[PDB]
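**Q** This structure is in structure tokens; I'll ask about it shortly.
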Amino acid sequence: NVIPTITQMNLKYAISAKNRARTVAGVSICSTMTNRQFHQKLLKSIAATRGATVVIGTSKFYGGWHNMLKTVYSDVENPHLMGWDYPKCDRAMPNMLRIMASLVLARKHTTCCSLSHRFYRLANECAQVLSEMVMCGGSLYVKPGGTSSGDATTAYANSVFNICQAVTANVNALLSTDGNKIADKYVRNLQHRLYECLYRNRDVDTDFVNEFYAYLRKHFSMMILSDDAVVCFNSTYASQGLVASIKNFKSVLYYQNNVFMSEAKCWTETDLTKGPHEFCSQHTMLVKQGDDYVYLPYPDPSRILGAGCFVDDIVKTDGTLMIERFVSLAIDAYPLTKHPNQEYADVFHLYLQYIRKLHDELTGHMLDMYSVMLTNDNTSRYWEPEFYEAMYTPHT
Amino acid sequence: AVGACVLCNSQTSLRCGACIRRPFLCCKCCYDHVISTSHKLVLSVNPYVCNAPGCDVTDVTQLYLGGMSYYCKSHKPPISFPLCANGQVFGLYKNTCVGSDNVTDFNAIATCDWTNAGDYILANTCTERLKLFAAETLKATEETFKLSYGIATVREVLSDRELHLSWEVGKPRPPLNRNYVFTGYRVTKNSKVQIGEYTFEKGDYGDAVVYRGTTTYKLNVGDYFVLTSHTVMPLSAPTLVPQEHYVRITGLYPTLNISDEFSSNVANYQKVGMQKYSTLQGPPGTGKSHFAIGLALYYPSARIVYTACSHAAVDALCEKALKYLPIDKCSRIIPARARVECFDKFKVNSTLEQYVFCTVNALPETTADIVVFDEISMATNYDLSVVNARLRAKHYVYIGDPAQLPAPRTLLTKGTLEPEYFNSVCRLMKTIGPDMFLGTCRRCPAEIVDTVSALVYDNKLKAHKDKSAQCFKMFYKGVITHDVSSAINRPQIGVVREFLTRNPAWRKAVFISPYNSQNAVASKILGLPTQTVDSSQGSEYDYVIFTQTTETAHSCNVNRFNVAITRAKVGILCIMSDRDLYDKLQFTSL
Amino acid sequence: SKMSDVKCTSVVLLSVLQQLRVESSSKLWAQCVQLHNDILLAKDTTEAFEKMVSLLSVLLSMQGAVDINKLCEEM
Amino acid sequence: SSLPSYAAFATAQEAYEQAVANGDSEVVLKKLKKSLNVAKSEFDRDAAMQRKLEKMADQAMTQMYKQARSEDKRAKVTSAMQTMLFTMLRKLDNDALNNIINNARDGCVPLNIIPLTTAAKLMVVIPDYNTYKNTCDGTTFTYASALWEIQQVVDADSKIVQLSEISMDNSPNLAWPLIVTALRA
Amino acid sequence: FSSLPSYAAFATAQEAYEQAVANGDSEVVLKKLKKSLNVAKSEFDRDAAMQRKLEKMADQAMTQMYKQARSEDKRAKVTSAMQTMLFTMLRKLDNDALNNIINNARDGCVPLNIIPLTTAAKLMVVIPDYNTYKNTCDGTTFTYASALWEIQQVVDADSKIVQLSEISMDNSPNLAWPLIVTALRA
RNA sequence: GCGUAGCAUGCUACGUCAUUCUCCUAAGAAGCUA
RNA sequence: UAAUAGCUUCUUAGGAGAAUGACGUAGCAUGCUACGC
Ligand SMILES: Nc1ncnc2c1ncn2[C@@H]1O[C@H](COP(=O)(O)OP(=O)(O)O)[C@@H](O)[C@H]1O
Ligand SMILES: [Mg+2]
Ligand SMILES: [Zn+2]
Ligand SMILES: [Zn+2]
Ligand SMILES: [Zn+2]
């Protein structure tokens, strides 16, 4: 049976760098419960795999960022890093691509579900997520399409959509090349068989699908987190048109997403010793840790200072009540101490000194409210930089 | 649960358990209070009783903080330490508590039963925080005195309009009037539960009470009544907001030719505008409450809240405002129960109107541009703190006179209270003097004012009328019937009845007597509007018949008699008891 | 630090206005929100100060809301 | 550590120390070792319950402090925010902000939002001739560190009053406070 | 612990041991009584362990029972709330118009999006500016969804009543847009 | 030489307690990301 | 009014395990001594 569902639109009260309002989709429990029961095994299996294309469940601490970046550079020949942007990603996504993502996620149910069971699960997904009734200010509207950001499988379906767009860009790049200019005889035959498998074949050719997958993994290595993507592509092939470039992504998003991807939000890095320019809002820098060089992610110092200065509750302003609040921010701001800019390195020391001042005045206020100090105080380790240095060391 | 010490405003977490109001006390102040008085119970976030399996020790010098709780001398964990020691009492914020020297007046305020007179003169000349605490505990004691009134029951019912009463043997009997209510019981087997809210009033013949109820339940003989209790709320605002003298009028605006009648009080209006709060003291019927309405006509745009402690005074003020102010922009705020019948001619109970009249007790939290408190003699420091808390304002004006009758003060029964200790406002009036003062009687005739300028005021008032010779002083013995616990003088009422058909122009004179019992029972025998002396204050009538019921210290009170006679407008007949009181006034023969 | 002192003062000012139930009047709250957001998204100090004058005029226009004399005598 | 079980353990340890200083042989030495162990075990149990009790004391202290401070901070949210706002306003020391605040203290507050566009309308109430004399020079009006052209002066009766009628002698009969409508120049 | 007779056995063994030590009993009897006291205390603490487990599992069972009773008395409340909501929504229905449009259906099935559009008796129009107001519902009556509606009320974004004379080209800046107009089907 | 009894030393099993560590779960507070 | 998912910090409680130490009991191995054969 198909259960239609109403999803609320909730305004998001959080810190941001732009003044446009952000809205999330609160989906009903009747949809979330069944979508969990349908997808959670695969979703937890994706979140527990290390070294794959979809980096979900991979921590950035204890060398997780360095491991991710070393898996992206998986033996590519002339590596250049690339990153693109999806403008209006959750609201311009076509219904065909969302249905594609839902059908790709549902390929794991080849034994537990029948054909009709999988169809009615897809229909429930479409009725509750894709084209639903939306409660926006006490009024029911119809959502025209696009993914809602509150379903159970949001980041994972978004990752499927991102991988699909990248594969489409590579297919278009390889097919739109001349063919008489391709010097490599292997890539010319690959293009010929790609056209055969696209427009002259109706049954799946698993041998060529494996061959093209191997080609993409060899020359177009990817790292996907649901709309962020780092690619470590072969620069020579991409210059010859044998592998997708930024212009191919722009073309694909123009004719398949109904958006224009300006090249001012897409970055290219010719030097691997600097890492990706930005992935998950973190810049990357190569530091000498211990005796070897590793990649550490540092955030925008403006973001950390804004999180310290502006809060969403009146009781987060006391400071002495929230020392863990600043310990977490110092954990996030630790890699700034390796930045060559001293004003960036001073943010971590500022947070450590504020933690020490907060503990000093907390102990003063506690000794005032009583006449005895606390017997056990282990707060001294939060203004020592070793507690935060061990946060980015691969021993754990 | 922390707070501020009452007499030093340091931080604290201790309270005195034995005190009725349970006030916060810092460590030094709490030690000073408990080591010297008989109060030996201190409530922290947890009470300081001993936490044995079963033990009842409350004295704080006996206890220790042992293990994780407060334990007595021979129940403590072997590891101590003493609570009440080192010149302090152990509590939160222990090493920031500065004591005081006001732990000598606070002991007297907490200990005293408000029976003597000196307790009031120490409860009104102390510091500002103690002025609030003393008023709070005085109201608490006045409320808890009602708990000692005898439990009632019903004898039988021959007539369903007049209940029969039976008090419990061995307890005092409360007075029967409108101010006191009752709530019942049916405790036979079988419903120890309330049976409604009733009220009583005595009957003239035999033993009977012509009752009233909120519902229509009958009493099977086991059903009975007990007087309920009014819990007293805490108060925070100062009794008087501190005064500041502005250079020029701020927040108020004058008018264009205010009137031809209020042209004399213009300087006092400007003085009111200049100062933060002002006090107007004048003999009765000289233009005090007709000064407030003139002030309203002088500051037309200013929102004004008029308030008073009584209902029959604010009703007279409402009538005067209706006579003068535009009636469209007025109000009248009444309590939910509305025990007395209030003034229903304006749009009643609309707080957000420009001119708003209310009693002190029913004041709603709001703002204003000037608040006019009236008849401050009736008001205690509780009323001043209430009006200073609920109503924010830019300018305050207190109008009233100390020589009129003060607040009831039911607990006071020894000695007399001088005017300068009625409340803070009267103390200010008598100590340094009023800010505005107008002595010239514009209401009462020449004879009654020329006699009242000998009783209370030391030959101060000239006045303006002609003595119409309708001021009468009667000689009549007036035998006593102490019936309702307030006296009734049947033969004096008989004198009035036998000489109210001989006075064709006196058919509408209001009947005034100090005792509410005779004042209420007179309605059958003569039919005139009736009024007690306490509520007659602030209201004028064209003709007054005053009857001194019995010779006592209540009816022979010069303040009460002076506020009684001076409500007349053209003539007054009064029958007297005291050979002195009838002789000190100069009236006609009879 | 003068540009960043203006951007925090506007945050506190709009918090005060929200506490004073300016949010109930949608036409006034829209202008207050516009001024606050344009102060936060500012590169020039003079523009931010002009918009701060306009935003403080909302607080100063309501007579019965705040006690200016008491607030300015605590400094 | 000033407790009974530590007194027993300490005197047993001192007795064993003296005995092992003598330490001849052998059964008394082993029995004293066992007595030291059995006293130490009871002292250690007492110390463990002591530490459990003091850990729960610290739990209670921290929790009560957090509750008290949180309720105190949430209680005083309006006055604290207003005091913080005016502290920050004073620290800025802008000449326009100081001007409008000083006028607001006198009561010369605006009736609408002060406009930024040129030739836009400002309505401001002036409550006395003192505030008019400083701010208004001729037909010019100085406010918010800016010059405005006076357009229309009215009273609380909404009666139009000419700029010639505002003086030391005629205004004391007028219907103050005036309301001045001006345009940004 | 104290209820069980293991404490009694320990207490009598300890009393006998102390009495014989004070009486100067021989070394063999002293060792015998020491061994008996040791095994008595062993049984005592061994059963005290079972008592610890008893009280621990009893408190866990009681907490589980309290939680289950609470979650079963909170289920009935939401069941009743859902039932009352559903039945009030039933009572809101325009039964005659809905019956007509549902009997006109061939299969008895109709799109949901036409259920208000053909049966709702009240229409709420939210209008952001004056040009839109002039276009869609100017005047006291207008046409929408092939039906005739009569304006019964107009409010602003502040939920304050606005009169139709106040919605003008020059009075538009003084109105708190958007305006919500409520009309009834004629 | 054997049996019984006692003392001392050592190993194993079990029960109880103290300390430290690891993990598994539950509950709560918080931070960041998409 | 406040979504899905991931990671991390801190605190509390419960269970299980490990390690070390302490006591008690039982079993086994050895040395010395007393009695009987
Ligand atoms: N300026 C005046 N001219 C004439 N009569 C006046 C004037 N002021 C007051 N009165 C009269 O004097 C009386 C005083 O009344 P009121 O102010 O209520 O006295 P009190 O305040 O003592 O109760 C009023 O009834 C009024 O008629
Ligand atoms: Mg009067
Ligand atoms: Zn006391
Ligand atoms: Zn004190
Ligand atoms: Zn005890």
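Chain identifiers are assigned as A, B, and so on, following the order in which chains appear in the structure tokens; residues are numbered from 1 within each chain, and ligands are numbered from 1 in order of appearance.
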What's around stretch 237-254 of chain A at 7 Å? Count only C-alpha atoms (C1' of nucleotides), leave out sequence neighbours fewer than 2 positions away in its own chain, and write the answer as a list in words.
**A**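 Within the cut-off, the hits are residues 169, 170, 173, 174, 177, 234, 235, 256, 257, 258, 259, 260 and 261 of chain A.
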**Q** Could you pull out the residues sitting within 7 Å of ligand 5, using only C-alpha atoms (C1' of nucleotides) and all ligand atoms, and write them as a PDB file with N, CA, C and O atoms, in the first residue's frame?
**A**
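Full text of pocket21.pdb as output:
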ATOM      1  N   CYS B  50      18.084  16.747  61.973  1.00  0.00           N
ATOM      2  CA  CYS B  50      19.072  15.680  62.051  1.00  0.00           C
ATOM      3  C   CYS B  50      18.604  14.478  61.244  1.00  0.00           C
ATOM      4  O   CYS B  50      17.463  14.030  61.386  1.00  0.00           O
ATOM      5  N   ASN B  51      19.483  13.956  60.397  1.00  0.00           N
ATOM      6  CA  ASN B  51      19.106  12.879  59.483  1.00  0.00           C
ATOM      7  C   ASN B  51      19.449  11.501  60.037  1.00  0.00           C
ATOM      8  O   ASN B  51      20.073  10.684  59.364  1.00  0.00           O
ATOM      9  N   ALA B  52      19.024  11.214  61.258  1.00  0.00           N
ATOM     10  CA  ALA B  52      19.108   9.862  61.783  1.00  0.00           C
ATOM     11  C   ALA B  52      17.967   9.036  61.203  1.00  0.00           C
ATOM     12  O   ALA B  52      17.152   9.550  60.434  1.00  0.00           O
ATOM     13  N   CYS B  55      15.182  10.974  64.385  1.00  0.00           N
ATOM     14  CA  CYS B  55      15.659  11.946  65.358  1.00  0.00           C
ATOM     15  C   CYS B  55      15.059  13.299  65.018  1.00  0.00           C
ATOM     16  O   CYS B  55      14.865  13.619  63.844  1.00  0.00           O
ATOM     17  N   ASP B  56      14.773  14.086  66.055  1.00  0.00           N
ATOM     18  CA  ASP B  56      14.173  15.412  65.909  1.00  0.00           C
ATOM     19  C   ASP B  56      15.013  16.399  66.713  1.00  0.00           C
ATOM     20  O   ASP B  56      14.707  16.690  67.872  1.00  0.00           O
ATOM     21  N   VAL B  57      16.072  16.908  66.092  1.00  0.00           N
ATOM     22  CA  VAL B  57      16.880  17.988  66.641  1.00  0.00           C
ATOM     23  C   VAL B  57      16.901  19.111  65.619  1.00  0.00           C
ATOM     24  O   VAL B  57      17.234  18.884  64.451  1.00  0.00           O
ATOM     25  N   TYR B  71      23.529  16.105  60.956  1.00  0.00           N
ATOM     26  CA  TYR B  71      23.319  15.105  61.990  1.00  0.00           C
ATOM     27  C   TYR B  71      23.518  15.715  63.370  1.00  0.00           C
ATOM     28  O   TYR B  71      24.333  16.619  63.551  1.00  0.00           O
ATOM     29  N   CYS B  72      22.804  15.183  64.355  1.00  0.00           N
ATOM     30  CA  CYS B  72      22.830  15.740  65.703  1.00  0.00           C
ATOM     31  C   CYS B  72      24.095  15.284  66.435  1.00  0.00           C
ATOM     32  O   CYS B  72      25.030  14.742  65.839  1.00  0.00           O
ATOM     33  N   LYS B  73      24.134  15.515  67.750  1.00  0.00           N
ATOM     34  CA  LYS B  73      25.364  15.333  68.518  1.00  0.00           C
ATOM     35  C   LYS B  73      25.781  13.867  68.612  1.00  0.00           C
ATOM     36  O   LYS B  73      26.972  13.551  68.509  1.00  0.00           O
ATOM     37  N   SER B  74      24.827  12.960  68.823  1.00  0.00           N
ATOM     38  CA  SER B  74      25.120  11.544  69.020  1.00  0.00           C
ATOM     39  C   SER B  74      24.571  10.689  67.886  1.00  0.00           C
ATOM     40  O   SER B  74      24.392   9.479  68.040  1.00  0.00           O
ATOM     41  N   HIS B  75      24.286  11.310  66.750  1.00  0.00           N
ATOM     42  CA  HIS B  75      23.964  10.584  65.539  1.00  0.00           C
ATOM     43  C   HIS B  75      24.951  10.874  64.424  1.00  0.00           C
ATOM     44  O   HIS B  75      24.849  10.260  63.357  1.00  0.00           O
TER      45      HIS B  75
END
**Q** Counting only C-alpha atoms, which residues of chain C fall within 6 Å of chain D, and what is the closest atom pair for each with its distance in Å at one decimal, ordered by chain and rising number, as JSON lines?
**A**
{"residue": "C:12", "atom": "CA", "partner": "D:85", "partner_atom": "CA", "distance": 5.7}
{"residue": "C:53", "atom": "CA", "partner": "D:97", "partner_atom": "CA", "distance": 6.0}
{"residue": "C:54", "atom": "CA", "partner": "D:114", "partner_atom": "CA", "distance": 4.9}
{"residue": "C:57", "atom": "CA", "partner": "D:113", "partner_atom": "CA", "distance": 5.5}
{"residue": "C:58", "atom": "CA", "partner": "D:113", "partner_atom": "CA", "distance": 5.7}
{"residue": "C:61", "atom": "CA", "partner": "D:110", "partner_atom": "CA", "distance": 5.2}
{"residue": "C:68", "atom": "CA", "partner": "D:105", "partner_atom": "CA", "distance": 6.0}
{"residue": "C:69", "atom": "CA", "partner": "D:105", "partner_atom": "CA", "distance": 5.6}
**Q** Those selected residues, please, written with C-alpha atoms and delivered as a PDB file, in the first residue's frame.
**A**
ATOM      1  CA  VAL C  12      22.587  42.918  20.817  1.00  0.00           C
ATOM      2  CA  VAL C  53      21.502  54.929  13.708  1.00  0.00           C
ATOM      3  CA  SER C  54      18.402  53.790  11.824  1.00  0.00           C
ATOM      4  CA  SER C  57      15.915  54.847  16.228  1.00  0.00           C
ATOM      5  CA  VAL C  58      13.489  51.918  16.485  1.00  0.00           C
ATOM      6  CA  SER C  61      11.003  55.707  19.223  1.00  0.00           C
ATOM      7  CA  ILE C  68      16.693  55.513  28.666  1.00  0.00           C
ATOM      8  CA  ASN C  69      17.526  57.707  31.665  1.00  0.00           C
TER       9      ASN C  69
END
**Q** Would you list the residues that come within 7 Å of ligand 4? Count only C-alpha atoms (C1' of nucleotides) and all ligand atoms and give the answer as a list in words.
**A** residues 5, 6, 7, 8, 9, 10, 25, 26, 27, 28, 29, 30, 97, 98, 99 and 100 of chain B
**Q** Just checking: using only C-alpha atoms, which residue out of B:127, B:392, B:585, B:143 ends up closest to chain C?
**A** B:392
**Q** Enumerate as number ranges by chain the residues within 12 Å of ligand 2, counting only C-alpha atoms (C1' of nucleotides) and all ligand atoms.
**A** B: 280-293, 308, 312-318, 320, 372-377, 398-401, 404, 441-443, 536-540, 563, 566-567
**Q** Rank E:69, E:175, E:39, E:11 by their smallest atom-to-atom distance to residue C:28, using only C-alpha atoms, and report the top residue only.
**A**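 Looking at the shortest contact to residue C:28, the residue is E:175.
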**Q** Skip stretch 505-510 of chain B itself and residues of its chain fewer than 4 positions away, then list as a count of residues only all residues within 10 Å of it, counting only C-alpha atoms (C1' of nucleotides).
**A** 23
**Q** Distance limit 8 Å, atoms considered: only C-alpha atoms. Which chain A residues sit that close to chain D? Return them as a short mmCIF file (atom, residue, chain, number, x, y, z; two decimals) with N, CA and C atoms, in the first residue's frame.
**A**
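Output contents, as saved in result.cif:
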data_model
loop_
_atom_site.label_atom_id
_atom_site.label_comp_id
_atom_site.auth_asym_id
_atom_site.auth_seq_id
_atom_site.Cartn_x
_atom_site.Cartn_y
_atom_site.Cartn_z
N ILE A 314 20.71 31.59 25.65
CA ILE A 314 21.19 32.61 26.57
C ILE A 314 22.13 32.02 27.61
N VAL A 315 22.02 30.72 27.90
CA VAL A 315 22.85 30.11 28.93
C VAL A 315 24.17 29.58 28.39
N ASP A 318 27.28 32.04 29.49
CA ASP A 318 27.89 32.13 30.81
C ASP A 318 29.36 31.72 30.78
N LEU A 321 29.53 27.63 32.69
CA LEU A 321 28.59 26.53 32.54
C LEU A 321 28.97 25.63 31.37
N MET A 366 32.84 28.62 42.44
CA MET A 366 32.52 27.44 43.24
C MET A 366 33.03 27.60 44.67
N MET A 369 30.61 29.96 46.37
CA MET A 369 29.33 29.33 46.68
C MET A 369 29.43 28.32 47.82
N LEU A 374 36.82 21.70 44.89
CA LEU A 374 36.52 20.34 44.44
C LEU A 374 37.72 19.44 44.68
N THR A 375 37.46 18.23 45.16
CA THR A 375 38.54 17.30 45.48
C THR A 375 39.24 16.82 44.21
N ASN A 376 38.47 16.38 43.22
CA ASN A 376 39.00 15.83 41.98
C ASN A 376 38.74 16.83 40.86
#
**Q** Given a cut-off of 10 Å, which residues of chain C touch chain A, counting only C-alpha atoms, written out as number ranges by chain?
**A** C: 8, 11, 34, 37-38, 40-41
**Q** Quick one: residues within 9 Å of ligand 3, with only C-alpha atoms (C1' of nucleotides) and all ligand atoms, as a list in words?
**A** residues 15, 16, 17, 18, 19, 20, 21, 22, 23, 30, 33, 34, 37, 38, 39, 40, 41, 42, 106, 107, 110 and 111 of chain B
**Q** Would you give me, as number ranges by chain, the residues of chain D that come within 8 Å of chain B, using only C-alpha atoms?
**A** D: 3, 53, 57, 68, 173-177
**Q** Could you dump the residues just selected with N, CA, C and O atoms as a PDB file, in the first residue's frame?
**A**
ATOM      1  N   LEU D   3      41.535   9.866  60.100  1.00  0.00           N
ATOM      2  CA  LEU D   3      40.367   9.005  60.219  1.00  0.00           C
ATOM      3  C   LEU D   3      40.695   7.816  61.115  1.00  0.00           C
ATOM      4  O   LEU D   3      41.865   7.509  61.355  1.00  0.00           O
ATOM      5  N   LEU D  53      32.013   8.795  48.657  1.00  0.00           N
ATOM      6  CA  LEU D  53      31.216   9.861  49.254  1.00  0.00           C
ATOM      7  C   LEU D  53      31.665  11.235  48.769  1.00  0.00           C
ATOM      8  O   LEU D  53      30.830  12.091  48.456  1.00  0.00           O
ATOM      9  N   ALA D  57      29.761  14.056  46.593  1.00  0.00           N
ATOM     10  CA  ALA D  57      29.721  15.448  47.028  1.00  0.00           C
ATOM     11  C   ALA D  57      30.076  16.393  45.888  1.00  0.00           C
ATOM     12  O   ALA D  57      29.419  17.421  45.694  1.00  0.00           O
ATOM     13  N   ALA D  68      21.800  26.634  39.636  1.00  0.00           N
ATOM     14  CA  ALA D  68      21.626  27.982  40.169  1.00  0.00           C
ATOM     15  C   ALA D  68      22.062  29.035  39.160  1.00  0.00           C
ATOM     16  O   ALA D  68      21.354  30.024  38.934  1.00  0.00           O
ATOM     17  N   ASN D 173       2.449  79.461  25.897  1.00  0.00           N
ATOM     18  CA  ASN D 173       1.014  79.278  25.741  1.00  0.00           C
ATOM     19  C   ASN D 173       0.663  78.219  24.705  1.00  0.00           C
ATOM     20  O   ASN D 173      -0.524  77.948  24.502  1.00  0.00           O
ATOM     21  N   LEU D 174       1.652  77.614  24.055  1.00  0.00           N
ATOM     22  CA  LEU D 174       1.375  76.671  22.984  1.00  0.00           C
ATOM     23  C   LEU D 174       1.052  75.289  23.552  1.00  0.00           C
ATOM     24  O   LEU D 174       1.091  75.057  24.763  1.00  0.00           O
ATOM     25  N   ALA D 175       0.713  74.368  22.654  1.00  0.00           N
ATOM     26  CA  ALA D 175       0.368  72.998  23.028  1.00  0.00           C
ATOM     27  C   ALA D 175       1.577  72.080  22.849  1.00  0.00           C
ATOM     28  O   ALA D 175       1.614  71.207  21.981  1.00  0.00           O
ATOM     29  N   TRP D 176       2.578  72.299  23.702  1.00  0.00           N
ATOM     30  CA  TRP D 176       3.733  71.418  23.745  1.00  0.00           C
ATOM     31  C   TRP D 176       3.292  70.006  24.132  1.00  0.00           C
ATOM     32  O   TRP D 176       2.313  69.835  24.864  1.00  0.00           O
ATOM     33  N   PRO D 177       4.001  68.967  23.664  1.00  0.00           N
ATOM     34  CA  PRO D 177       5.206  68.966  22.831  1.00  0.00           C
ATOM     35  C   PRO D 177       4.938  69.171  21.349  1.00  0.00           C
ATOM     36  O   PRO D 177       3.950  68.659  20.827  1.00  0.00           O
TER      37      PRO D 177
END
**Q** Please return, as a list in words, all residues of chain F lying within 12 Å of chain E when only C-alpha atoms (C1' of nucleotides) are considered.
**A**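 The answer, sorted by residue number, is residues 5, 6, 7, 14, 15, 16 and 17 of chain F.
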**Q** Emit the selected residues as a PDB file, in the first residue's frame, including N, CA and C atoms (P, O5', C5', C4', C3', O3' and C1' of nucleotides).
**A**
ATOM      1  P     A F   5      44.308 -36.858  61.282  1.00  0.00           P
ATOM      2  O5'   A F   5      45.059 -36.021  62.412  1.00  0.00           O
ATOM      3  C5'   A F   5      44.454 -35.803  63.678  1.00  0.00           C
ATOM      4  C4'   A F   5      45.415 -35.175  64.656  1.00  0.00           C
ATOM      5  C3'   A F   5      46.053 -33.866  64.224  1.00  0.00           C
ATOM      6  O3'   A F   5      45.198 -32.750  64.395  1.00  0.00           O
ATOM      7  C1'   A F   5      47.711 -35.290  65.114  1.00  0.00           C
ATOM      8  P     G F   6      45.257 -31.522  63.359  1.00  0.00           P
ATOM      9  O5'   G F   6      46.552 -30.709  63.806  1.00  0.00           O
ATOM     10  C5'   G F   6      46.628 -30.129  65.099  1.00  0.00           C
ATOM     11  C4'   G F   6      48.027 -29.671  65.427  1.00  0.00           C
ATOM     12  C3'   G F   6      48.665 -28.698  64.451  1.00  0.00           C
ATOM     13  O3'   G F   6      48.214 -27.364  64.611  1.00  0.00           O
ATOM     14  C1'   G F   6      50.218 -30.386  65.008  1.00  0.00           C
ATOM     15  P     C F   7      48.142 -26.382  63.341  1.00  0.00           P
ATOM     16  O5'   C F   7      49.654 -25.930  63.119  1.00  0.00           O
ATOM     17  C5'   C F   7      50.347 -25.205  64.123  1.00  0.00           C
ATOM     18  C4'   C F   7      51.812 -25.063  63.794  1.00  0.00           C
ATOM     19  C3'   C F   7      52.139 -24.475  62.430  1.00  0.00           C
ATOM     20  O3'   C F   7      52.027 -23.064  62.378  1.00  0.00           O
ATOM     21  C1'   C F   7      53.462 -26.392  62.786  1.00  0.00           C
ATOM     22  P     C F  14      37.991 -21.110  39.921  1.00  0.00           P
ATOM     23  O5'   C F  14      37.061 -20.871  41.192  1.00  0.00           O
ATOM     24  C5'   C F  14      35.953 -21.720  41.445  1.00  0.00           C
ATOM     25  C4'   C F  14      35.425 -21.545  42.846  1.00  0.00           C
ATOM     26  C3'   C F  14      35.086 -20.123  43.258  1.00  0.00           C
ATOM     27  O3'   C F  14      33.826 -19.693  42.775  1.00  0.00           O
ATOM     28  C1'   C F  14      36.316 -21.176  44.982  1.00  0.00           C
ATOM     29  P     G F  15      33.564 -18.133  42.488  1.00  0.00           P
ATOM     30  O5'   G F  15      33.403 -17.497  43.940  1.00  0.00           O
ATOM     31  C5'   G F  15      32.308 -17.852  44.771  1.00  0.00           C
ATOM     32  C4'   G F  15      32.469 -17.311  46.170  1.00  0.00           C
ATOM     33  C3'   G F  15      32.729 -15.819  46.287  1.00  0.00           C
ATOM     34  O3'   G F  15      31.558 -15.034  46.151  1.00  0.00           O
ATOM     35  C1'   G F  15      34.228 -16.985  47.684  1.00  0.00           C
ATOM     36  P     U F  16      31.634 -13.593  45.444  1.00  0.00           P
ATOM     37  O5'   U F  16      32.287 -12.654  46.553  1.00  0.00           O
ATOM     38  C5'   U F  16      31.619 -12.417  47.782  1.00  0.00           C
ATOM     39  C4'   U F  16      32.498 -11.689  48.768  1.00  0.00           C
ATOM     40  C3'   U F  16      33.086 -10.368  48.302  1.00  0.00           C
ATOM     41  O3'   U F  16      32.170  -9.290  48.375  1.00  0.00           O
ATOM     42  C1'   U F  16      34.774 -11.653  49.332  1.00  0.00           C
ATOM     43  P     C F  17      32.288  -8.067  47.339  1.00  0.00           P
ATOM     44  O5'   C F  17      33.569  -7.259  47.837  1.00  0.00           O
ATOM     45  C5'   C F  17      33.572  -6.614  49.101  1.00  0.00           C
ATOM     46  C4'   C F  17      34.949  -6.129  49.482  1.00  0.00           C
ATOM     47  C3'   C F  17      35.602  -5.137  48.536  1.00  0.00           C
ATOM     48  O3'   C F  17      35.122  -3.814  48.693  1.00  0.00           O
ATOM     49  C1'   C F  17      37.174  -6.788  49.158  1.00  0.00           C
TER      50        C F  17
END
**Q** How many Å lie between atom CA of residue E:15 and atom CA of residue E:37, rounded to one decimal?
**A**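 Between atom CA of residue E:15 and atom CA of residue E:37 the gap works out to 9.5 Å.
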**Q** Would you write out, as a Markdown table, a table of all residues in chain G that have an atom no more than 12 Å from an atom of chain D, listing for each the closest atom pair and the distance in Å to one decimal, considering only C-alpha atoms (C1' of nucleotides) and ordering rows by chain and rising residue number?
**A**
| residue | atom | partner | partner_atom | distance |
| --- | --- | --- | --- | --- |
| G:11 | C1' | D:59 | CA | 9.7 |
| G:12 | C1' | D:59 | CA | 9.5 |
| G:21 | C1' | D:41 | CA | 10.0 |
| G:22 | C1' | D:41 | CA | 6.3 |
| G:23 | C1' | D:38 | CA | 6.9 |
| G:24 | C1' | D:38 | CA | 11.3 |
